[PDB]
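Presented below is the structure to which this report refers.
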Amino acid sequence: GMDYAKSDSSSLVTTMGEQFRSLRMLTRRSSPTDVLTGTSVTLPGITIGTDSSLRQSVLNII
Amino acid sequence: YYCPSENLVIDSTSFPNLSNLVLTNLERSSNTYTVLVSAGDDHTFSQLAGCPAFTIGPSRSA
Amino acid sequence: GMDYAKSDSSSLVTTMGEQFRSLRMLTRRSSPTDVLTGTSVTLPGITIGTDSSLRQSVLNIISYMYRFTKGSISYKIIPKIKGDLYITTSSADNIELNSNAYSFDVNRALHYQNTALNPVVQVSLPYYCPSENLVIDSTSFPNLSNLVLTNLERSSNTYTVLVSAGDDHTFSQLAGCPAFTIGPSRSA
Amino acid sequence: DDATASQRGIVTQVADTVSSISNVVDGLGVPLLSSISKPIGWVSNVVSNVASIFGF
Amino acid sequence: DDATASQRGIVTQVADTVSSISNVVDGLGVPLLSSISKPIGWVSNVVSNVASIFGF
Amino acid sequence: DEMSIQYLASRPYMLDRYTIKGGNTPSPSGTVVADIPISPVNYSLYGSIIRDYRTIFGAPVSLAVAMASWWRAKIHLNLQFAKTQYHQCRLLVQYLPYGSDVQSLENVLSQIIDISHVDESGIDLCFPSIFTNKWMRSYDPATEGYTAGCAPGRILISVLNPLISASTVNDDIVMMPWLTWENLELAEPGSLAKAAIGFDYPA
Amino acid sequence: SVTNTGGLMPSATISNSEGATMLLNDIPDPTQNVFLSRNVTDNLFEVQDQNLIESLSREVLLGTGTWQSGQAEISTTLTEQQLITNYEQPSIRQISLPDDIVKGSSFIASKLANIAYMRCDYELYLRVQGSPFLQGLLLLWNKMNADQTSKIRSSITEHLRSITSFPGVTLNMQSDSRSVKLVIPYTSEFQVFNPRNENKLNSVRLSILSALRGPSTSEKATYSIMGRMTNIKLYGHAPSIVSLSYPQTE
Amino acid sequence: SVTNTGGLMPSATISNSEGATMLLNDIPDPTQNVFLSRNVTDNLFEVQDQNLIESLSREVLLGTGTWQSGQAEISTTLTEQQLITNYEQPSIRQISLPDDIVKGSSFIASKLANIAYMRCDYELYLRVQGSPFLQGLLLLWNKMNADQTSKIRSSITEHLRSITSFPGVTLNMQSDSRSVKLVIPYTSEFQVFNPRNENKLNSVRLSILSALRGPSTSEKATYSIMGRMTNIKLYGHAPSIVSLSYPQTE
Amino acid sequence: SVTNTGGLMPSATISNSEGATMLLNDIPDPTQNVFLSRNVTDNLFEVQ
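Residue numbers (UniProt numbering), protein chains in the order written: chain A, 762 to 823; chain B, 888 to 949; chain C, 762 to 949; chain D, 256 to 311; chain E, 256 to 311; chain F, 362 to 564; chain G, 4 to 253; chain H, 4 to 253; chain I, 4 to 51.
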């Protein structure tokens with residue numbers, strides 16, 4: 762390999778309150794989409810996705 | 888999650904009659920709503936396609 | 762030594778309801794700061810400190826004997842006009858000038874509350890720093906997270922705020938004391 | 256022990272420990288920081304890789 | 256274990272399991288999906304034909 | 362699991378092509394062929410501005426760090442080529458904290474690579490990340506070199522012995538680094554990063 | 004046992020170091036007609052061995068000077084016009100760290116060539132001399148990080164009763180040894196610093212705490228400061244250049 | 004338990020070191036109000052440790068160049084006018100030692116600051132590159148102390164059959180590895196030398212031993228020299244200055 | 004452990020089938036970044 766790498770030496774608890782090792786946890790978190798004015802309201806189905814514009818949910822980004 | 892198939896390609900149109908949410912006040916008056924979605928505990932994604940182009944910083948100039 | 766001293770002889774329970782042998786307990790207690798009128802509200806960050814005037818929080822007073830801080834800090838907020846509001850974090854890089862964008866557009870941790878039911882907002886702000894220590898009023902880290910709060914429709918309002926040390930928090934390095942006033946102001 | 260502290264439901268107990276006092280002057284002393292330390296309790300999970308970390 | 260998870264009443268514990276990590280690169284690895292699996296708990300009832308299924 | 366961060370980090374991707382020429386008047390020794398700042402999301406060698414927004418084409422890990430604010434990792438390169446066994450030259454590769462320009466063999470970590478001995482699948486090599494604290498910041502304004510705390514440093518590839526080639530073969534060759542991010546780790550979610558569809562807020 | 008074709012199908016798995024740094028892609032061939040030896044026997048007086056960690060810990064001169072009766076003594080108290088203006092209490096000498104040493108000593112400036120970052124723990128030595136008949140009292144004390152905080156917070160702390168509660172050591176001339184030692188632990192936000200730029204923190208100070216007096220007017224006495232690093236930890240390899248801060252882009 | 008008279012009857016037997024050097028006549032008094040600690044935890048990726056002996060052994064570039072058909076090949080024999088005049092046989096490059104290194108490398112020039120004398124044992128590395136179709140043969144060889152003897156004795160030894168019997172190594176381009184290693188033992192009258200003056204001895208040379216040839220005229224091929232010290236032995240402490248020889252008086 | 008010269012001195016003893024028919028003179032190299040699975044569970048009535 763020819764590595765100079767030597768593995769780390771650092772504590773986990775010393776600097777930030779949590780650590781996460783998966784994207785699911787980020788997705789369980791709930792985020793805003795877009796305001797729905799009027800009577801004939803249309804929420805996205807479980808197929809989800811394909812929003813235009815630029816504002817968009819975190820789930821929608823993942 | 889009521890689907891015949893174990894999997895769903897995102898934005899599938901192969902199943903036209905999938906259930907879709909609706910909400911009503913009685914008297915059918917106009918109103919706005921602040922909505923925010925999240926993955927259910929039951930939910931997952933699969934098959935890793937590569938990334939979309941994406942913007943990062945605040946818009947430059949006006 | 763040549764001491765005349767002879768050690769005390771007195772009961773603890775006989776005279777006052779409690780006893781305390783640390784300054785942390787005094788700091789976990791929450792105290793008022795200053796009223797925040799208008800839309801562009803600015804709560805102090807976890808770097809805290811450096812208030813002018815003379816009214817000031819108890820944490821803010823204990824702050825001057827030390828040099829380092831670390832840990833999360835807590836807020837209580839009491840809006841003057843009741844109605845729902847939102848709480849969000851931000852940073853100087855994180856801001857945008859599209860003039861159609863708004864504070865929700867970054868996907869930070871969020872908190873909603875209708876104050877008509879629960880008038881007292883309670884929010885704890887965590888400790889995201891690269892470094893194990895922070896010199897008080899550090900400017901070496903420009904992009905540290907900073908709190909913001911908004912009603913929708915962006916109307917003006919006042920807030921009664923009161924801060925406290927989080928359970929995670931501490932001070933370290935003992936610098937000596939500031940000059941400080943004690944009595945009520947003399948004359949008019 | 257925040258989990259037990261919240262489950263038991265009483266304000267007072269706040270998880271007991273006994274500190275190692277030193278530098279006594281006149282019946283009063285200074286606790287070591289080393290023994291005032293209290294369990295954090297998520298760290299065990301992150302190191303042991305519990306399923307809940309992955310959301311499943 | 257949602258029943259116990261709701262009965263115990265504390266947010267944190269969320270039913271423990273220990274996953275079988277593999278493909279370690281530098282002290283970090285990828286859990287098997289097979290072991291992240293958690294009990295569903297209505298299925299036992301439907302297969303065993305508990306009375307509550309019939310409403311009685 | 363396909364949503365684990367380590368699973369995302371472990372896939373190699375080509376970053377960009379680099380010519381080395383090339384029979385007759387080969388470029389003089391000490392001529393740099395490449396300057397690679399150590400960050401997944403650098404605006405320099407990734408992406409381009411479009412509609413004021415600075416879009417950034419790239420591999421999935423880059424998105425994963427694009428969302429979080431703080432990060433840390435080590436690099437694992439795999440150099441690879443388009444050559445015959447009639448081309449023949451040598452290369453230097455340095456890892457430079459806060460530096461620039463080639464810096465001799467002595468001053469810094471270096472790693473000579475003979476071309477002729479690089480059978481296919483290329484050659485793997487790894488670099489440690491020296492830095493003043495534990496966490497890097499992600500986003501930066503800079504349109505060229507990395508700012509400051511945004512990246513651990515730079516890796517710099519340059520000619521040692523200039524290339525020579527037979528009359529029977531094309532004058533120049535093409536180097537193609539492949540790479541992966543060892544020991545990736547992320548913190549504090551929340552950012553302006555998002556998909557390139559549209560370019561506007563609704564109103 | 005096979006003819007070596009000029010560059011066709013070399014072994015592809017070879018890897019070996021030459022220097023303490025620099026990995027190399029293929030082995031040099033150890034062929035040559037003769038292998039010769041060291042020749043000379045030592046024939047010399049012995050001398051103590053040299054080491055890097057040892058070399059860095061060597062003692063260094065830092066300051067030297069006269070001290071005399073006419074110089075001002077530090078105030079017990081403050082008044083307004085000086086309280087608003089961030090007044091600093093007068094001192095015989097003040098000294099930055101660790102720059103007084105590293106950028107201050109050409110020897111140390113050279114030993115640290117081409118290393119990226121490091122940690123240090125200081126020691127300081129005050130040595131005053133004067134006649135038995137003299138009266139006086141000095142204080143040697145450690146102002147903390149100071150400059151990394153607000154201008155106000157390094158202002159309302161300068162007065163006697165606060166000065167005497169900082170880490171430090173007093174020096175009466177009654178003592179026969181007439182010298183003191185003072186230890187400075189490493190302390191900063193960053194875990195390491197490159198020696199060769201303005202990494203200025205904790206400012207050591209020396210202050211009069213009692214005016215010098217002798218039977219005649221205008222008596223005077225000499226003093227010297229010395230210092231040395233300990234617990235050092237060097238870290239990384241890099242070209243010897245000034246580094247840059249966050250907003251700046253390189 | 005006795006009042007310390009200001010400088011009358013101090014203890015007279017005290018002796019103790021401060022730095023690795025410098026003995027001191029009396030102990031500093033370790034009094035001060037507080038003893039503080041290191042503060043920061045490391046929190047970093049590991050890196051290989053740095054040492055002095057290790058630092059000195061690092062590999063160094065020495066030379067680099069083109070080589071081509073038009074250059075002259077060394078003579079089999081000598082004639083008179085060149086025999087009387089101390090003629091030297093032509094070479095692609097020649098290199099002095101150890102000056103090419105020590106005074107040649109600013110890094111090493113700095114690491115050896117303020118040390119009096121030293122010993123060294125060299126290694127050298129030739130690395131040539133060219134196409135499979137090329138023909139050629141180089142020689143890398145060690146001329147000895149040379150300059151310390153008579154002009155005549157470094158003259159009648161320059162011819163092919165003598166050149167090939169000196170210590171050295173040949174390099175055919177038929178080899179696939181295309182690189183060679185050559186070891187140079189320390190050798191002199193003096194047992195040590197200060198690095199920073201003209202301590203010039205054994206001159207390494209590189210010579211053509213067969214002309215480069217390719218299907219077309221004026222083919223060319225590249226090469227690089229590298230070198231590193233081993234078995235080093237530093238000795239003594241001194242100000243970093245050029246030294247002087249015997250007739251001269253300082 | 005040897006550089007593969009572009010078509011000079013390949014192994015000359017290799018033989019292996021691909022399909023039920025068709026013998027082949029040299030082995031395909033099984034390199035690729037990922038190995039994926041069958042996905043669907045059957046979920047169906049049985050048939051003969």
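Each residue gets a CB set at the ideal place from its N, CA and C atoms; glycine is no exception.
In this structure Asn-148 (chain H) touches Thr-190 (chain H) by the C-beta definition: roughly 7 Å separates them, less than 8 Å. Leaving aside the five residues that flank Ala-241 (chain G) on each side, the residues in its chain whose CB is nearer than 6 Å to its CB run, in chain order, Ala-119. The C-beta distance from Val-394 (chain F) to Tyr-379 (chain F) rounds to 5 Å, short enough to fall under 8 Å. Any Cβ of chain C closer than 8 Å to the Cβ of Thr-44 (chain H) would place that residue at the interface, and such an atom is present. Per DSSP, the unbroken alpha helix (DSSP H) holding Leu-288 (chain E) starts and ends at 288–291. Beta-bridge annotation (DSSP): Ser-519 (chain F) is paired with F:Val-393 and F:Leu-453. Of all alpha-carbon atoms in H:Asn-28, H:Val-37 and H:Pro-218, the one lying nearest the alpha-carbon of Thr-167 (chain G) is that of H:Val-37.
For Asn-912 (chain B), there are no C-beta contacts with chain I under 8 Å, since the nearest C-beta of that chain is about 41 Å from it. Taking a contact as a CB-CB distance under 8 Å, the pair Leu-438 (chain F) and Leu-540 (chain F) counts as one, their CB atoms being some 5 Å apart. Under the rule that a run must span 4 or more residues, the alpha helix (DSSP H) segments found entirely inside the segment 77–102 of chain H read 83–87.
With a cut-off of 8 Å on Cβ pairs, the segment 90–103 of chain H is not in contact with the segment 170–179 of chain H, counting fewer than three such pairs.
Using a CB distance cut-off of 8 Å, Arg-947 (chain B) counts as an interface residue toward chain F. In the DSSP assignment, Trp-70 (chain H) is bridged to H:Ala-224.
Rounded to the nearest whole angstrom, the C-alpha separation of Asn-42 (chain H) and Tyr-125 (chain G) is 14 Å.
In the displayed model, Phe-136 (chain H) falls within coil according to three-state DSSP, outside both helix and strand.
At least one beta carbon of chain B lies nearer than 8 Å to the beta carbon of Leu-858 (chain C).
In the DSSP assignment, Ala-434 (chain F) falls within the beta strand (DSSP E) that extends over 429–440. Just so you know, the alpha carbons of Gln-934 (chain C) and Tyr-562 (chain F) end up roughly 49 Å apart.
Identification of chain F residues near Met-25 (chain G) by a Cβ-Cβ cut-off of 8 Å yields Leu-466, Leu-470, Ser-471, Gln-472 and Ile-473, ordered along the chain. If you look at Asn-46 (chain I), you'll find it isn't in any alpha helix (DSSP H); DSSP assigns it neither H nor E. Under the three-state reduction of DSSP, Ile-822 (chain C) is assigned to helix. In this structure, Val-50 (chain H) lies near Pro-489 (chain F), with their beta-carbon atoms less than 8 Å apart. When the five nearest sequence neighbours on each side are left out, the beta carbons in the same chain lying within less than 7 Å of the beta carbon of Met-826 (chain C) are those of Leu-935, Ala-936 and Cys-938, in order along the chain. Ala-258 (chain E): member of the alpha helix (DSSP H) spanning 257–263, first to last residue. Comparing alpha carbon positions, the residue from G:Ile-228, G:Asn-197, G:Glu-253 and G:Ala-214 closest to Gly-73 (chain G) is G:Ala-214.
Around the CB of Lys-146 (chain G), 16 or more other CB atoms lie within 10 Å, so the residue is classed as buried. The Cβ atoms of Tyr-226 (chain H) and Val-105 (chain H) lie no closer than 8 Å to each other. Around the beta carbon of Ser-471 (chain F), 16 or more other beta carbons sit within 10 angstroms, so the residue counts as buried. With a 10 Å radius around the Cβ and a threshold of 16 neighbouring Cβ atoms, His-872 (chain C) comes out exposed. Counting C-beta pairs closer than 8 Å gives fewer than three between the segment 914–931 of chain B and the segment 541–549 of chain F, which falls short of the contact rule. Here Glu-543 (chain F) is bridged, per DSSP, to F:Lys-435. Taking a beta-carbon distance threshold of 8 Å, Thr-16 (chain G) counts as an interface residue toward chain I. Residue range 827–831 is occupied by the beta strand (DSSP E) that includes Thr-830 (chain C). For the set F:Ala-443, F:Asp-396, F:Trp-496 and F:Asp-362, the Cα lying nearest the Cα of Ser-40 (chain I) is the one of F:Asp-362. Chain C has no Cβ within less than 8 Å of the Cβ of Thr-808 (chain A). If you check the CB distance, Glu-222 (chain H) and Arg-216 (chain H) come in under 8 Å.
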